[PDB]
Structures are given as structure tokens and as C-alpha cells.
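Asks: Can you look at this? It's an experimental structure, sequence on top.
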Amino acid sequence: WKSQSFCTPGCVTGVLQXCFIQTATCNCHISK
């Protein structure tokens with residue numbers, strides 16, 4: 001599930017993973 005873009009950013013986002021970058025780590029750092 002994508003989940004407003006990222007409810008997990010590689011949740012799957014069926015891409016499989018890395019659906020949105022860079023907040024694939026955000027909560028690593030900044031939210032983008």
C-alpha cells in the first residue's frame with residue numbers, strides 16, 4: 001500500500017520499493 005504516498009515508502013508501493021524518494025528515508029531525515 002502506497003498510503004498517502006508513503007505509509008511505508010517501500011511498503012510495498014508495488015514498484016516494489018522506493019515508491020517515493022527521498023523520504024524513503026525521511027524519518028531518517030527531512031520529509032521529501
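Replies: In hand now; what should we look at? Numbers count the residues shown, from 1 in each chain.
Asks: rest of the way, CA atoms for contacts and neighbours
Replies: Fine.
Asks: wait, residue 2 sits on residue 15?
Replies: No - with contacts counted by Cα atoms under 8 Å, residue 2 stays clear of residue 15, the gap being 9.9 Å.
Asks: of these two, who's got more company?
Replies: Legend: neighbour count by other Cα atoms under 10 Å for residue 2 and residue 15, higher for residue 2 (17 against 11).
Asks: Where does the nearest residue to that one once chain neighbours are set aside sit: helix, strand or coil?
Replies: Closest residue to residue 2 apart from its sequence neighbours, by Cα to Cα, 6 or more residues apart in numbering: residue 13 at 4.8 Å. Following DSSP: H, G, I helix; E, B strand; the rest coil, residue 13 is assigned to coil.
Asks: measure residue 13 to residue 24 for me?
Replies: Distance from residue 13 to residue 24, counting by Cα to Cα, to the nearest Å: 11 Å.
Asks: now do residue 1
Replies: 14 Å.
Asks: Who has more neighbours out of those two?
Replies: Per other Cα under 10 Å, whichever of residue 1 and residue 24 has more neighbours is residue 24, with 19 against 13.
Asks: about what we covered before: give me every residue that touches the residue nearest to residue 2.
Replies: Taking Cα atoms under 8 Å, 6 or more residues apart in numbering, we find residue 13 in contact with 1-2, 6, 19.
Asks: Tell me the one of these nearest residue 32?
Replies: Residue 32 lies nearest to residue 6 out of the contacts of residue 13, by Cα to Cα, at 10.5 Å.
Asks: Quick check: the closest one vs residue 29, distance?
Replies: Residue 6 is 14 Å from residue 29, by Cα to Cα.
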